[PDB]
Amino acid sequence: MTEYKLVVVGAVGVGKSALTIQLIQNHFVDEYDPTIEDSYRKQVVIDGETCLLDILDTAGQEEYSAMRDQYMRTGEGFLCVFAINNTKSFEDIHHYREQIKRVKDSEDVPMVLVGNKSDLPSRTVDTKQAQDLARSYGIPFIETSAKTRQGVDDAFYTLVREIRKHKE
Ligand SMILES: O=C1CC[C@@H](c2cc3ccccc3[nH]2)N1
């Protein structure tokens with residue numbers, strides 16, 4: 001059983017932790033909790049092969065900018081979870097791209113783009129904008145949801161799929 005280091009960062013109010021809880025114990029929390037650092041290790045069967053997802057739900061804030069590089073180096077899988085309502089989180093991906101590139105020492109790395117709370121009527125971030133930017137970075141886009149659960153399981157599957165192509 002191979003373990004995969006997954007670092008989850010982004011903006012605040014996106015519902016990063018909510019997504020993980022939906023996969024870990026299949027539970028949805030309406031109330032928001034200030035997650036500083038949470039370790040979620042669940043064995044998931046990706047494309048027939050069971051892998052151990054070592055997901056680290058951390059806070060991508062300025063107060064953790066000096067510690068971010070610590071886990072980003074060992075991190076293999078990166079879930080770029082942004083919000084469709086909060087267009088600012090969509091622009092925050094630029095800063096992350098620059099940092100991750102510096103921490104990984106590589107421009108081409110295995111990463112996935114996922115938009116949470118896609119079931120919200122307030123869609124500020126347009127699908128074309130997200131899709132276009134996804135191609136620029138070279139990462140796939142998946143519309144996720146913690147309340148409605150829209151292919152959340154497959155979102156994690158595809159993450160490993162991209163990572164596998166970086167090896168084999
Ligand atoms: O001994 C430690 C301190 C950091 C923590 C950790 C790093 C990390 C990176 C990617 C994914 C999960 C991760 N968990 N383990």
# chains A, B, ... in the order shown; residues from 1 in each chain; ligands from 1
$ select_by_dssp --residues "region 94-166 of chain A" --states "alpha helix (DSSP H)" --output "NGL selection string"
:A and (94-104 or 127-137 or 152-164)
$ write_last_selection --atoms "N, CA, C and O atoms" --output "CSV table (one decimal), in the first residue's frame"
chain,number,residue,atom,x,y,z
A,94,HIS,N,-2.3,32.4,-8.3
A,94,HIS,CA,-1.1,32.8,-8.9
A,94,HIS,C,0.0,32.8,-7.9
A,94,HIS,O,1.1,32.3,-8.2
A,95,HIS,N,-0.2,33.3,-6.7
A,95,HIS,CA,0.8,33.4,-5.6
A,95,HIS,C,1.2,31.9,-5.3
A,95,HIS,O,2.4,31.7,-5.1
A,96,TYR,N,0.2,31.1,-5.2
A,96,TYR,CA,0.5,29.7,-4.9
A,96,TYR,C,1.3,29.0,-5.9
A,96,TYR,O,2.3,28.3,-5.6
A,97,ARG,N,1.0,29.3,-7.2
A,97,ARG,CA,1.8,28.7,-8.3
A,97,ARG,C,3.2,29.1,-8.2
A,97,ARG,O,4.1,28.3,-8.4
A,98,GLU,N,3.5,30.4,-7.9
A,98,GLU,CA,4.8,30.9,-7.7
A,98,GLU,C,5.6,30.2,-6.6
A,98,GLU,O,6.7,29.8,-6.7
A,99,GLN,N,4.9,30.1,-5.5
A,99,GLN,CA,5.5,29.4,-4.3
A,99,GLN,C,5.7,28.0,-4.5
A,99,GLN,O,6.8,27.5,-4.2
A,100,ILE,N,4.7,27.2,-4.9
A,100,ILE,CA,4.8,25.8,-5.2
A,100,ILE,C,6.0,25.5,-6.1
A,100,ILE,O,6.8,24.6,-5.9
A,101,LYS,N,6.1,26.3,-7.2
A,101,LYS,CA,7.1,26.1,-8.2
A,101,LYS,C,8.5,26.3,-7.5
A,101,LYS,O,9.5,25.6,-7.9
A,102,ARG,N,8.6,27.2,-6.6
A,102,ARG,CA,9.8,27.5,-5.9
A,102,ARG,C,10.2,26.3,-4.9
A,102,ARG,O,11.3,25.9,-4.8
A,103,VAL,N,9.1,25.8,-4.2
A,103,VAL,CA,9.3,24.8,-3.2
A,103,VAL,C,9.6,23.4,-3.9
A,103,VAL,O,10.4,22.7,-3.4
A,104,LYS,N,8.9,23.2,-5.0
A,104,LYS,CA,9.1,21.9,-5.7
A,104,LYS,C,10.3,21.9,-6.7
A,104,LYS,O,10.8,20.9,-7.2
A,127,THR,N,-17.0,29.5,-15.6
A,127,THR,CA,-16.5,28.2,-16.0
A,127,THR,C,-15.4,28.4,-17.1
A,127,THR,O,-14.4,27.7,-17.0
A,128,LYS,N,-15.6,29.3,-18.0
A,128,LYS,CA,-14.6,29.6,-19.1
A,128,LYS,C,-13.3,30.1,-18.5
A,128,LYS,O,-12.2,29.7,-18.9
A,129,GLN,N,-13.4,31.0,-17.5
A,129,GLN,CA,-12.2,31.6,-16.8
A,129,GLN,C,-11.4,30.5,-16.2
A,129,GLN,O,-10.2,30.4,-16.3
A,130,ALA,N,-12.1,29.6,-15.4
A,130,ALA,CA,-11.5,28.5,-14.7
A,130,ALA,C,-10.8,27.5,-15.7
A,130,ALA,O,-9.7,27.1,-15.5
A,131,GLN,N,-11.6,27.2,-16.7
A,131,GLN,CA,-11.1,26.2,-17.7
A,131,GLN,C,-9.9,26.7,-18.4
A,131,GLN,O,-8.9,26.0,-18.6
A,132,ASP,N,-9.9,28.0,-18.8
A,132,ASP,CA,-8.8,28.6,-19.5
A,132,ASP,C,-7.6,28.7,-18.7
A,132,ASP,O,-6.5,28.3,-19.1
A,133,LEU,N,-7.7,29.1,-17.4
A,133,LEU,CA,-6.6,29.1,-16.5
A,133,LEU,C,-6.0,27.8,-16.2
A,133,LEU,O,-4.8,27.6,-16.0
A,134,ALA,N,-6.9,26.8,-16.2
A,134,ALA,CA,-6.5,25.4,-15.9
A,134,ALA,C,-5.6,24.9,-17.0
A,134,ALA,O,-4.6,24.2,-16.7
A,135,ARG,N,-5.9,25.3,-18.2
A,135,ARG,CA,-5.0,24.9,-19.4
A,135,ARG,C,-3.7,25.6,-19.3
A,135,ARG,O,-2.7,25.0,-19.7
A,136,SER,N,-3.7,26.8,-18.9
A,136,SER,CA,-2.4,27.6,-18.8
A,136,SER,C,-1.5,26.9,-17.8
A,136,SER,O,-0.3,26.8,-18.0
A,137,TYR,N,-2.0,26.5,-16.7
A,137,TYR,CA,-1.2,25.8,-15.6
A,137,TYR,C,-0.9,24.4,-16.0
A,137,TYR,O,0.2,23.8,-15.7
A,152,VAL,N,-17.1,13.9,-6.0
A,152,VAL,CA,-16.0,14.2,-5.0
A,152,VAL,C,-15.0,13.0,-5.0
A,152,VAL,O,-13.8,13.2,-4.9
A,153,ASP,N,-15.6,11.8,-5.0
A,153,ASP,CA,-14.8,10.6,-5.0
A,153,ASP,C,-13.8,10.5,-6.2
A,153,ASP,O,-12.7,10.3,-6.0
A,154,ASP,N,-14.4,10.8,-7.4
A,154,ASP,CA,-13.6,10.8,-8.6
A,154,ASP,C,-12.6,11.9,-8.6
A,154,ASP,O,-11.5,11.8,-9.3
A,155,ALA,N,-12.8,13.0,-7.9
A,155,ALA,CA,-11.9,14.1,-7.9
A,155,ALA,C,-10.6,13.7,-7.3
A,155,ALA,O,-9.5,14.0,-7.8
A,156,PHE,N,-10.6,12.9,-6.3
A,156,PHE,CA,-9.4,12.3,-5.6
A,156,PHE,C,-8.8,11.3,-6.5
A,156,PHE,O,-7.6,11.1,-6.5
A,157,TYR,N,-9.6,10.5,-7.2
A,157,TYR,CA,-9.1,9.5,-8.1
A,157,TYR,C,-8.3,10.1,-9.2
A,157,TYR,O,-7.1,9.7,-9.5
A,158,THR,N,-8.8,11.1,-9.9
A,158,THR,CA,-8.1,11.8,-11.0
A,158,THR,C,-6.8,12.5,-10.5
A,158,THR,O,-5.8,12.6,-11.2
A,159,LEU,N,-6.8,12.9,-9.2
A,159,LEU,CA,-5.6,13.5,-8.6
A,159,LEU,C,-4.4,12.5,-8.7
A,159,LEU,O,-3.3,12.8,-9.2
A,160,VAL,N,-4.7,11.2,-8.3
A,160,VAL,CA,-3.7,10.2,-8.4
A,160,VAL,C,-3.3,9.9,-9.8
A,160,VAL,O,-2.2,9.6,-10.1
A,161,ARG,N,-4.3,9.9,-10.7
A,161,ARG,CA,-4.2,9.6,-12.1
A,161,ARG,C,-3.1,10.5,-12.7
A,161,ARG,O,-2.2,10.1,-13.5
A,162,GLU,N,-3.2,11.8,-12.4
A,162,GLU,CA,-2.2,12.8,-12.9
A,162,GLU,C,-0.8,12.5,-12.3
A,162,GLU,O,0.2,12.6,-13.0
A,163,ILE,N,-0.8,12.2,-11.0
A,163,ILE,CA,0.5,11.9,-10.3
A,163,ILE,C,1.2,10.7,-10.9
A,163,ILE,O,2.4,10.7,-11.0
A,164,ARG,N,0.4,9.7,-11.3
A,164,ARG,CA,0.9,8.4,-11.8
A,164,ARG,C,1.6,8.7,-13.1
A,164,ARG,O,2.6,8.1,-13.4
$ residues_near_ligand --ligand "ligand 1" --cutoff "12 Å" --atoms "only C-alpha atoms and all ligand atoms" --output "VMD selection string"
chain A and resid 3 to 9 37 to 41 52 to 58 67 to 79
$ residues_around --residues "residue 88 (chain A)" --least-positions-apart "3" --cutoff "12 Å" --atoms "only C-alpha atoms" --output "ChimeraX atom specification"
/A:10-14,82-85,91-95,124-125
$ write_last_selection --atoms "N, CA and C atoms" --output "PDB file, in the first residue's frame"
ATOM      1  N   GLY A  10      -5.229  27.079   0.259  1.00  0.00           N
ATOM      2  CA  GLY A  10      -6.139  27.930  -0.479  1.00  0.00           C
ATOM      3  C   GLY A  10      -6.612  29.098   0.357  1.00  0.00           C
ATOM      4  N   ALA A  11      -7.786  29.620   0.032  1.00  0.00           N
ATOM      5  CA  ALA A  11      -8.350  30.749   0.758  1.00  0.00           C
ATOM      6  C   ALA A  11      -9.191  30.279   1.943  1.00  0.00           C
ATOM      7  N   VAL A  12      -9.849  31.221   2.607  1.00  0.00           N
ATOM      8  CA  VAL A  12     -10.684  30.915   3.761  1.00  0.00           C
ATOM      9  C   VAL A  12     -12.163  30.938   3.376  1.00  0.00           C
ATOM     10  N   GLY A  13     -12.921  29.962   3.866  1.00  0.00           N
ATOM     11  CA  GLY A  13     -14.341  29.898   3.568  1.00  0.00           C
ATOM     12  C   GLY A  13     -14.641  29.074   2.334  1.00  0.00           C
ATOM     13  N   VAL A  14     -13.617  28.425   1.803  1.00  0.00           N
ATOM     14  CA  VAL A  14     -13.776  27.595   0.614  1.00  0.00           C
ATOM     15  C   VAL A  14     -14.428  26.262   0.975  1.00  0.00           C
ATOM     16  N   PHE A  82     -10.639  26.055  -4.927  1.00  0.00           N
ATOM     17  CA  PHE A  82     -11.039  27.454  -4.954  1.00  0.00           C
ATOM     18  C   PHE A  82     -12.559  27.567  -4.883  1.00  0.00           C
ATOM     19  N   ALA A  83     -13.058  28.778  -4.680  1.00  0.00           N
ATOM     20  CA  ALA A  83     -14.491  28.998  -4.581  1.00  0.00           C
ATOM     21  C   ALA A  83     -15.015  29.744  -5.799  1.00  0.00           C
ATOM     22  N   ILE A  84     -16.207  29.367  -6.247  1.00  0.00           N
ATOM     23  CA  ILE A  84     -16.822  30.003  -7.402  1.00  0.00           C
ATOM     24  C   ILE A  84     -17.466  31.325  -6.997  1.00  0.00           C
ATOM     25  N   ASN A  85     -17.809  31.444  -5.722  1.00  0.00           N
ATOM     26  CA  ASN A  85     -18.414  32.665  -5.209  1.00  0.00           C
ATOM     27  C   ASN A  85     -17.340  33.701  -4.924  1.00  0.00           C
ATOM     28  N   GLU A  91      -7.813  34.262  -7.912  1.00  0.00           N
ATOM     29  CA  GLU A  91      -6.636  35.060  -8.234  1.00  0.00           C
ATOM     30  C   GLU A  91      -5.479  34.735  -7.296  1.00  0.00           C
ATOM     31  N   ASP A  92      -5.800  34.084  -6.185  1.00  0.00           N
ATOM     32  CA  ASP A  92      -4.795  33.710  -5.191  1.00  0.00           C
ATOM     33  C   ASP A  92      -3.966  32.529  -5.665  1.00  0.00           C
ATOM     34  N   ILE A  93      -4.457  31.850  -6.697  1.00  0.00           N
ATOM     35  CA  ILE A  93      -3.770  30.692  -7.252  1.00  0.00           C
ATOM     36  C   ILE A  93      -2.444  31.089  -7.907  1.00  0.00           C
ATOM     37  N   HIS A  94      -2.319  32.360  -8.279  1.00  0.00           N
ATOM     38  CA  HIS A  94      -1.092  32.849  -8.899  1.00  0.00           C
ATOM     39  C   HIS A  94       0.049  32.823  -7.891  1.00  0.00           C
ATOM     40  N   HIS A  95      -0.225  33.333  -6.693  1.00  0.00           N
ATOM     41  CA  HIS A  95       0.764  33.368  -5.620  1.00  0.00           C
ATOM     42  C   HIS A  95       1.201  31.948  -5.273  1.00  0.00           C
ATOM     43  N   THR A 124     -19.600  33.687  -9.240  1.00  0.00           N
ATOM     44  CA  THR A 124     -18.833  34.831  -9.711  1.00  0.00           C
ATOM     45  C   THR A 124     -17.755  34.377 -10.686  1.00  0.00           C
ATOM     46  N   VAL A 125     -17.117  33.262 -10.366  1.00  0.00           N
ATOM     47  CA  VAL A 125     -16.076  32.712 -11.218  1.00  0.00           C
ATOM     48  C   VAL A 125     -16.709  31.928 -12.357  1.00  0.00           C
TER      49      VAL A 125
END
$ atom_distance --atom1 "CA of residue 24 (chain A)" --atom2 "CA of residue 63 (chain A)"
27.5 Å
$ residues_around --residues "residue 115 (chain A)" --least-positions-apart "2" --cutoff "7 Å" --atoms "only C-alpha atoms" --output "VMD selection string"
chain A and resid 81 to 84 113 117 to 118 142 to 144
$ select_by_dssp --residues "region 2-168 of chain A" --states "strand (DSSP E or B)" --output "ChimeraX atom specification"
/A:3-8,37-46,49-58,77-83,111-116,141-143
